[PDB]
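Printed here is coords04.tsv (TSV, C-alpha atoms):
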chain	number	residue	atom	x	y	z
A	106	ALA	CA	-14.21	11.19	-11.40
A	107	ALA	CA	-11.65	13.81	-10.49
A	108	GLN	CA	-10.11	14.89	-7.20
A	109	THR	CA	-8.70	18.34	-7.67
A	110	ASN	CA	-5.80	19.46	-5.44
A	111	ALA	CA	-5.27	15.82	-4.68
A	112	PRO	CA	-2.00	14.77	-3.03
A	113	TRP	CA	0.81	14.45	-5.56
A	114	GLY	CA	1.00	10.64	-5.33
A	115	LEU	CA	-2.68	10.21	-6.15
A	116	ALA	CA	-2.33	12.57	-9.09
A	117	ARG	CA	0.82	10.71	-10.08
A	118	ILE	CA	-0.87	7.33	-10.38
A	119	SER	CA	-3.56	8.77	-12.65
A	120	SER	CA	-1.09	10.57	-14.91
A	121	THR	CA	1.61	9.58	-17.38
A	122	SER	CA	3.65	12.65	-16.32
A	123	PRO	CA	4.75	14.14	-12.98
A	124	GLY	CA	3.74	17.55	-11.68
A	125	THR	CA	-0.05	17.35	-11.98
A	126	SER	CA	-2.40	17.80	-9.04
A	127	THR	CA	-5.64	16.14	-10.19
A	128	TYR	CA	-6.43	12.53	-9.30
A	129	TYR	CA	-8.46	10.97	-12.12
A	130	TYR	CA	-10.13	7.73	-11.17
A	131	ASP	CA	-13.17	5.60	-11.98
A	132	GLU	CA	-16.21	6.39	-9.83
A	133	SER	CA	-16.45	2.79	-8.52
A	134	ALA	CA	-13.42	3.63	-6.38
A	135	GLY	CA	-12.62	0.17	-5.03
A	136	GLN	CA	-16.18	-0.40	-3.81
A	137	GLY	CA	-16.66	-4.06	-3.02
A	138	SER	CA	-13.01	-4.68	-2.22
A	139	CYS	CA	-11.29	-5.02	1.12
A	140	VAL	CA	-7.76	-4.07	2.09
A	141	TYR	CA	-6.22	-5.33	5.30
A	142	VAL	CA	-3.75	-2.72	6.52
A	143	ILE	CA	-1.21	-4.75	8.48
A	144	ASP	CA	0.49	-2.09	10.57
A	145	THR	CA	0.11	-0.12	13.83
A	146	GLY	CA	-3.69	-0.13	13.48
A	147	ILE	CA	-6.17	2.38	12.12
A	148	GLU	CA	-8.01	5.19	13.87
A	149	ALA	CA	-11.27	3.99	12.38
A	150	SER	CA	-12.88	7.06	13.98
A	151	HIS	CA	-11.06	9.39	11.55
A	152	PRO	CA	-13.70	11.27	9.47
A	153	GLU	CA	-11.65	10.64	6.33
A	154	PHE	CA	-12.58	6.92	6.51
A	155	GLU	CA	-16.30	7.76	6.53
A	156	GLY	CA	-16.92	4.67	8.62
A	157	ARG	CA	-15.24	2.39	6.07
A	158	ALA	CA	-12.39	1.51	8.41
A	159	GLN	CA	-12.46	-0.97	11.25
A	160	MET	CA	-10.02	-2.71	13.54
A	161	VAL	CA	-10.31	-6.48	13.18
A	162	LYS	CA	-7.30	-7.80	15.13
A	163	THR	CA	-4.68	-6.45	17.45
A	164	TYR	CA	-1.63	-8.23	18.86
A	165	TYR	CA	-1.08	-5.76	21.74
A	166	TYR	CA	-3.10	-4.46	24.72
A	167	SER	CA	-5.08	-2.01	22.55
A	168	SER	CA	-6.41	-1.99	19.02
A	169	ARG	CA	-5.67	1.76	19.15
A	170	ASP	CA	-3.22	3.30	16.69
A	171	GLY	CA	-0.93	5.07	19.17
A	172	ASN	CA	1.67	5.65	16.47
A	173	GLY	CA	0.12	7.09	13.29
A	174	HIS	CA	1.82	4.90	10.68
A	175	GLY	CA	-1.11	2.53	10.26
A	176	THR	CA	-3.71	5.28	10.06
A	177	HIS	CA	-1.53	7.05	7.50
A	178	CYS	CA	-1.29	4.00	5.22
A	179	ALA	CA	-4.98	3.09	5.60
A	180	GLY	CA	-5.61	6.66	4.51
A	181	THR	CA	-3.49	6.28	1.40
A	182	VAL	CA	-5.36	3.09	0.52
A	183	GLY	CA	-8.82	4.46	0.99
A	184	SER	CA	-9.48	7.71	2.86
A	185	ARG	CA	-11.81	10.01	0.97
A	186	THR	CA	-9.23	12.74	0.48
A	187	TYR	CA	-5.92	10.85	0.56
A	188	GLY	CA	-6.99	7.43	-0.68
A	189	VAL	CA	-6.44	5.60	-3.91
A	190	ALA	CA	-9.58	3.45	-3.55
A	191	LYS	CA	-11.96	5.88	-1.85
A	192	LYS	CA	-14.82	3.41	-1.48
A	193	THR	CA	-12.85	0.35	-0.35
A	194	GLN	CA	-13.36	-1.39	3.03
A	195	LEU	CA	-10.35	-1.08	5.37
A	196	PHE	CA	-9.53	-3.71	8.00
A	197	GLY	CA	-6.84	-2.84	10.50
A	198	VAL	CA	-4.54	-5.59	11.76
A	199	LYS	CA	-2.26	-4.23	14.46
A	200	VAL	CA	0.95	-6.24	14.27
A	201	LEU	CA	3.25	-3.32	15.16
A	202	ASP	CA	3.19	-1.70	18.57
A	203	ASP	CA	2.80	2.03	19.09
A	204	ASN	CA	6.58	2.38	18.64
A	205	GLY	CA	6.29	1.00	15.12
A	206	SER	CA	8.00	-2.32	15.68
A	207	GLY	CA	6.82	-5.89	15.94
A	208	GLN	CA	8.35	-9.32	16.42
A	209	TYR	CA	8.53	-11.54	13.33
A	210	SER	CA	6.23	-14.11	14.91
A	211	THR	CA	3.58	-11.45	15.49
A	212	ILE	CA	3.80	-10.30	11.87
A	213	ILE	CA	3.56	-13.91	10.66
A	214	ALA	CA	0.60	-14.48	12.94
A	215	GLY	CA	-1.11	-11.36	11.53
A	216	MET	CA	-0.76	-12.55	7.94
A	217	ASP	CA	-2.08	-16.00	8.88
A	218	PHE	CA	-5.01	-14.17	10.50
A	219	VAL	CA	-5.86	-12.22	7.34
A	220	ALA	CA	-5.71	-15.42	5.25
A	221	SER	CA	-8.46	-16.87	7.48
A	222	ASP	CA	-10.40	-13.73	8.48
A	223	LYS	CA	-11.14	-12.76	4.88
A	224	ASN	CA	-13.29	-15.87	4.62
A	225	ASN	CA	-15.82	-14.29	6.99
A	226	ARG	CA	-15.98	-10.85	5.30
A	227	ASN	CA	-17.96	-9.64	2.31
A	228	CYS	CA	-15.40	-8.63	-0.35
A	229	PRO	CA	-17.07	-9.63	-3.61
A	230	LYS	CA	-14.39	-7.82	-5.62
A	231	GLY	CA	-11.47	-9.43	-3.78
A	232	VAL	CA	-9.03	-8.87	-0.97
A	233	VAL	CA	-5.82	-6.87	-0.78
A	234	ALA	CA	-3.29	-6.72	2.02
A	235	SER	CA	-1.02	-3.72	2.37
A	236	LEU	CA	2.05	-4.51	4.44
A	237	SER	CA	3.90	-1.28	5.28
A	238	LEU	CA	6.63	-2.93	7.36
A	239	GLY	CA	9.66	-5.13	7.05
A	240	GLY	CA	12.89	-6.15	8.66
A	241	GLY	CA	15.85	-8.32	7.85
A	242	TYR	CA	15.61	-11.33	5.63
A	243	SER	CA	13.48	-14.07	7.14
A	244	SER	CA	12.35	-17.12	5.29
A	245	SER	CA	9.43	-17.61	7.64
A	246	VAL	CA	8.29	-14.02	7.23
A	247	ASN	CA	8.62	-14.55	3.48
A	248	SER	CA	6.61	-17.75	3.49
A	249	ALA	CA	3.87	-16.12	5.57
A	250	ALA	CA	3.50	-13.45	2.91
A	251	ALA	CA	3.50	-16.20	0.27
A	252	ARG	CA	0.77	-18.12	2.11
A	253	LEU	CA	-1.27	-14.94	2.37
A	254	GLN	CA	-0.86	-14.39	-1.37
A	255	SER	CA	-1.57	-18.08	-2.12
A	256	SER	CA	-4.73	-17.90	-0.01
A	257	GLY	CA	-6.14	-15.43	-2.57
A	258	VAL	CA	-5.10	-12.05	-1.14
A	259	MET	CA	-3.24	-9.57	-3.32
A	260	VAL	CA	-0.25	-8.87	-1.04
A	261	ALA	CA	1.72	-5.64	-1.40
A	262	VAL	CA	4.81	-5.15	0.80
A	263	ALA	CA	7.33	-2.31	1.12
A	264	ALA	CA	10.75	-2.80	-0.48
A	265	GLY	CA	12.24	-1.29	2.67
A	266	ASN	CA	13.91	2.05	3.26
A	267	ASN	CA	17.57	1.04	3.30
A	268	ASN	CA	18.76	2.25	-0.13
A	269	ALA	CA	20.03	-1.28	-0.59
A	270	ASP	CA	18.96	-4.31	-2.56
A	271	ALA	CA	15.61	-5.52	-1.19
A	272	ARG	CA	16.72	-9.18	-1.44
A	273	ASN	CA	18.10	-8.86	2.10
A	274	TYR	CA	14.73	-7.86	3.59
A	275	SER	CA	11.45	-9.52	4.40
A	276	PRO	CA	8.78	-9.70	3.30
A	277	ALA	CA	10.27	-7.51	0.60
A	278	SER	CA	12.26	-10.44	-0.74
A	279	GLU	CA	9.34	-12.94	-1.12
A	280	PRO	CA	8.96	-13.39	-4.89
A	281	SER	CA	5.26	-14.16	-5.02
A	282	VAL	CA	4.06	-10.88	-3.42
A	283	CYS	CA	4.17	-7.36	-4.92
A	284	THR	CA	7.29	-5.64	-3.58
A	285	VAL	CA	6.92	-1.86	-3.95
A	286	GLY	CA	9.67	0.76	-4.06
A	287	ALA	CA	9.23	4.48	-3.54
A	288	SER	CA	9.51	7.37	-6.01
A	289	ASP	CA	9.40	11.09	-5.30
A	290	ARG	CA	7.32	13.78	-6.93
A	291	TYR	CA	9.98	14.40	-9.61
A	292	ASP	CA	9.91	10.77	-10.82
A	293	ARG	CA	13.17	9.98	-9.06
A	294	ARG	CA	13.60	6.83	-7.01
A	295	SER	CA	13.22	7.98	-3.40
A	296	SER	CA	16.65	8.38	-1.85
A	297	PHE	CA	15.88	5.74	0.81
A	298	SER	CA	14.12	3.26	-1.41
A	299	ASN	CA	15.40	-0.26	-1.72
A	300	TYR	CA	15.76	-1.66	-5.22
A	301	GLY	CA	16.70	-4.92	-6.90
A	302	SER	CA	15.16	-7.52	-9.11
A	303	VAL	CA	12.71	-8.49	-6.43
A	304	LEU	CA	11.03	-5.09	-6.83
A	305	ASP	CA	7.87	-5.31	-8.88
A	306	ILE	CA	6.70	-1.71	-9.02
A	307	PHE	CA	7.31	1.81	-7.69
A	308	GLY	CA	4.74	3.90	-5.92
A	309	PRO	CA	4.70	7.49	-4.64
A	310	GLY	CA	6.51	7.28	-1.37
A	311	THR	CA	8.21	10.62	-0.68
A	312	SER	CA	6.29	13.29	1.30
A	313	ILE	CA	2.97	11.45	1.15
A	314	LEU	CA	0.10	13.39	2.70
A	315	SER	CA	-2.42	11.19	4.46
A	316	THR	CA	-4.56	10.74	7.56
A	317	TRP	CA	-2.90	10.75	10.94
A	318	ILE	CA	-4.02	9.84	14.40
A	319	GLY	CA	-6.06	12.34	16.37
A	320	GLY	CA	-8.10	13.17	13.35
A	321	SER	CA	-5.22	15.03	11.74
A	322	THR	CA	-3.11	14.68	8.61
A	323	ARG	CA	0.58	14.35	8.10
A	324	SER	CA	3.04	14.03	5.25
A	325	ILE	CA	5.74	11.37	5.70
A	326	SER	CA	8.02	9.38	3.38
A	327	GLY	CA	8.97	5.74	2.87
A	328	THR	CA	8.39	2.65	0.84
A	329	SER	CA	5.76	1.97	3.49
A	330	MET	CA	3.95	5.01	2.01
A	331	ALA	CA	4.31	3.66	-1.51
A	332	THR	CA	2.96	0.24	-0.60
A	333	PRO	CA	-0.59	1.48	0.18
A	334	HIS	CA	-0.72	3.35	-3.15
A	335	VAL	CA	-0.30	0.00	-4.93
A	336	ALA	CA	-2.59	-1.83	-2.49
A	337	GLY	CA	-5.26	0.80	-3.10
A	338	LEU	CA	-4.65	0.57	-6.82
A	339	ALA	CA	-4.99	-3.21	-6.73
A	340	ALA	CA	-8.25	-2.76	-4.81
A	341	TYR	CA	-9.35	-0.25	-7.42
A	342	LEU	CA	-8.50	-2.39	-10.45
A	343	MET	CA	-9.97	-5.47	-8.80
A	344	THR	CA	-13.28	-3.67	-8.27
A	345	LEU	CA	-13.12	-2.78	-11.96
A	346	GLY	CA	-12.84	-6.42	-12.92
A	347	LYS	CA	-9.54	-5.63	-14.62
A	348	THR	CA	-7.53	-8.22	-12.68
A	349	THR	CA	-7.64	-10.54	-9.69
A	350	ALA	CA	-5.61	-11.01	-6.55
A	351	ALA	CA	-3.27	-13.56	-8.10
A	352	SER	CA	-2.70	-11.43	-11.19
A	353	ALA	CA	-2.90	-7.90	-9.81
A	354	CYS	CA	0.83	-7.36	-9.26
A	355	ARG	CA	1.67	-8.47	-12.79
A	356	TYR	CA	-1.29	-6.52	-14.19
A	357	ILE	CA	-0.12	-3.38	-12.40
A	358	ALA	CA	3.41	-3.98	-13.71
A	359	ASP	CA	2.15	-4.56	-17.23
A	360	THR	CA	0.11	-1.37	-17.24
A	361	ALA	CA	2.64	0.74	-15.30
A	362	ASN	CA	4.36	3.89	-16.53
A	363	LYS	CA	7.61	2.52	-17.89
A	364	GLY	CA	10.98	4.23	-17.97
A	365	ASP	CA	9.77	7.44	-16.24
A	366	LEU	CA	11.90	7.09	-13.12
A	367	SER	CA	15.47	8.28	-12.63
A	368	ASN	CA	18.15	6.74	-10.43
A	369	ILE	CA	16.83	3.22	-11.07
A	370	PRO	CA	19.81	0.83	-10.73
A	371	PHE	CA	20.34	-1.58	-13.59
A	372	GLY	CA	18.47	-4.79	-12.81
A	373	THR	CA	15.53	-3.00	-11.15
A	374	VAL	CA	12.23	-2.48	-12.91
A	375	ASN	CA	11.60	1.08	-14.02
A	376	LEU	CA	7.80	0.95	-13.63
A	377	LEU	CA	5.50	3.41	-11.84
A	378	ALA	CA	2.00	2.50	-10.63
A	379	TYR	CA	-0.59	3.86	-13.03
A	380	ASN	CA	-4.33	3.39	-13.18
A	381	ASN	CA	-4.54	4.07	-16.95
A	382	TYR	CA	-7.85	5.81	-16.31
A	383	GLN	CA	-9.55	7.38	-19.35
A	384	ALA	CA	-12.58	9.60	-18.75
Hey, can you dump this file as structure tokens for me?
Amino acid sequence: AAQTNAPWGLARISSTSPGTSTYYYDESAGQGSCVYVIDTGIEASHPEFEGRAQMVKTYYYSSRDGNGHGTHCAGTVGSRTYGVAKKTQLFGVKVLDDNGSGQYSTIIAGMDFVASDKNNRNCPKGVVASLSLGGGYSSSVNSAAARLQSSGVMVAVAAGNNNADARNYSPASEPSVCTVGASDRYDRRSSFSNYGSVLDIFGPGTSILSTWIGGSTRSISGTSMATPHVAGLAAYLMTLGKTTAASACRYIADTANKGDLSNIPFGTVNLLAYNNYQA
């Protein structure tokens, strides 16, 4: 299939080269997979989700996304116009409040919840969790992400937007999950993006157009915008039987666009998420 005039990040993950505007993807589109968006929530009402989004757990007074971040990243995973995996099921898990922050314990609790909740959903193609969040290093945050990954969920987490090594950040520093850095539309590492050997892959993360609360759209930047590209792509490739949750991060690294990014510090992978789609 082809999305013309697609957002640049979508086009980027279906293309070996920057600058294109068409998103080429297999028609299956992540159908049969599920992606938990662990964030500020999702405005499941947004038309772009076509009913495929739903709130499954909040840790605050409302399940409402009063911030926008979570709806934005759900959209990059699987909105019709802004999504990587346009037929995937989205489950919102609101661990961040409407100000965009959340205690470590609440984030740990939300990952434990996904590990269990998936067992009472229908995701025949497998389960992905997109974690567009992160704070300072925390071994218990890290081990929550690892348990989530161990439980059979492909976990993708943001490297963090500190322009520093991601080893000092969590869950970015957990080795078993897929830590995702950001690139911009000129195949440069995003100026804010963390880096380091714990990075596994880069996604589009600068000026990423996606759904916003109130039924709108918005373009924002961050490794938290790159994360859902890779989550969506995992959900996509899983639906295609190309890989599984345990193997998706390494599969995506193996099949990435290599060496295309500039300003990659020595000791950081130079790999860009790529769906290798051939019509």
Å distance separating CA of residue 120 in chain A from CA of residue 335 in chain A, one decimal place: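 Going from CA of residue 120 in chain A over to CA of residue 335 in chain A, I get 14.6 Å.
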Residues within 9 Å of residue 182 in chain A, only C-alpha atoms, excluding chain neighbours under 4 positions, as a PyMOL selection string: chain A and resi 140+142+177-178+187-191+193+195+235+332-338+340
Using all atoms listed in the file, what does the table of range 237-287 of chain A residues within 9 Å of range 300-320 of chain A look like, with each row giving the shortest atom pair and its distance in Å to one decimal, sorted by chain and ascending number, as a tab-separated table?
residue	atom	partner	partner_atom	distance
A:264	CA	A:304	CA	6.8
A:265	CA	A:300	CA	8.6
A:268	CA	A:300	CA	7.1
A:269	CA	A:300	CA	6.3
A:270	CA	A:301	CA	4.9
A:271	CA	A:300	CA	5.6
A:272	CA	A:303	CA	6.4
A:277	CA	A:303	CA	7.5
A:278	CA	A:303	CA	6.0
A:279	CA	A:303	CA	7.7
A:280	CA	A:303	CA	6.4
A:282	CA	A:305	CA	8.7
A:283	CA	A:305	CA	5.8
A:284	CA	A:304	CA	5.0
A:285	CA	A:306	CA	5.1
A:286	CA	A:307	CA	4.5
A:287	CA	A:310	CA	4.5
Residue contacts of residue 257 in chain A (9 Å, all atoms listed in the file) excluding same-chain residues fewer than 2 positions away, as JSON, numbers by chain: {"A": [220, 231, 232, 233, 252, 253, 254, 255, 259, 260, 349, 350, 351]}
What are the closest atom pairs, with distances in Å to one decimal, for each residue of range 248-308 of chain A lying within 7 Å of range 236-242 of chain A, using only C-alpha atoms, rows by chain and rising residue number, as CSV?
residue,atom,partner,partner_atom,distance
A:261,CA,A:236,CA,6.0
A:262,CA,A:236,CA,4.6
A:263,CA,A:237,CA,5.5
A:265,CA,A:239,CA,6.4
A:273,CA,A:242,CA,5.0
A:274,CA,A:242,CA,4.1
A:275,CA,A:242,CA,4.7
A:276,CA,A:239,CA,6.0
A:277,CA,A:239,CA,6.9
Kindly export the residues of the current selection with C-alpha atoms, as a compact mmCIF listing (two decimals), keeping the file's coordinate frame.
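And here is the file that came out, out-v8.txt:
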# COMPACT_ATOMS: atom_id res chain seq x y z
CA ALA A 261 1.72 -5.64 -1.40
CA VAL A 262 4.81 -5.15 0.80
CA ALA A 263 7.33 -2.31 1.12
CA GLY A 265 12.24 -1.29 2.67
CA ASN A 273 18.10 -8.86 2.10
CA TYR A 274 14.73 -7.86 3.59
CA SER A 275 11.45 -9.52 4.40
CA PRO A 276 8.78 -9.70 3.30
CA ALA A 277 10.27 -7.51 0.60
Nearest to residue 194 in chain A by atom-to-atom distance, counting only C-alpha atoms, from A:344, A:299, A:110, A:381: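 Of A:344, A:299, A:110, A:381, the one nearest residue 194 in chain A, counting only C-alpha atoms, is A:344.
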d(CA of residue 203 in chain A, CA of residue 183 in chain A) in Å: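 Those two atoms sit 21.6 Å apart.
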Option closest in space to residue 364 in chain A, from A:122, A:206, A:127, A:245 [counting only C-alpha atoms]: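 Among A:122, A:206, A:127, A:245, it is A:122 that comes nearest to residue 364 in chain A.
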Non-local contacts of range 163-175 of chain A (10 Å; only C-alpha atoms; under 6 positions in same chain excluded) as an MDAnalysis selection string: chainID A and resid 142:149 181 197:205 207 211:212 214:215 236:238 315:319 321:323 325 329:330
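From CA of residue 155 in chain A back to CA of residue 342 in chain A, the distance works out to 21.3 Å.
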Shell around residue 366 in chain A at 12 Å using only C-alpha atoms, local window under 4 positions removed, as a VMD selection string: chain A and resid 121 to 123 286 to 295 306 to 309 361 to 362 370 373 to 378
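Distances to residue 196 in chain A were evaluated for A:230, A:347, A:355, A:157 using only C-alpha atoms, and the minimum falls at A:157.
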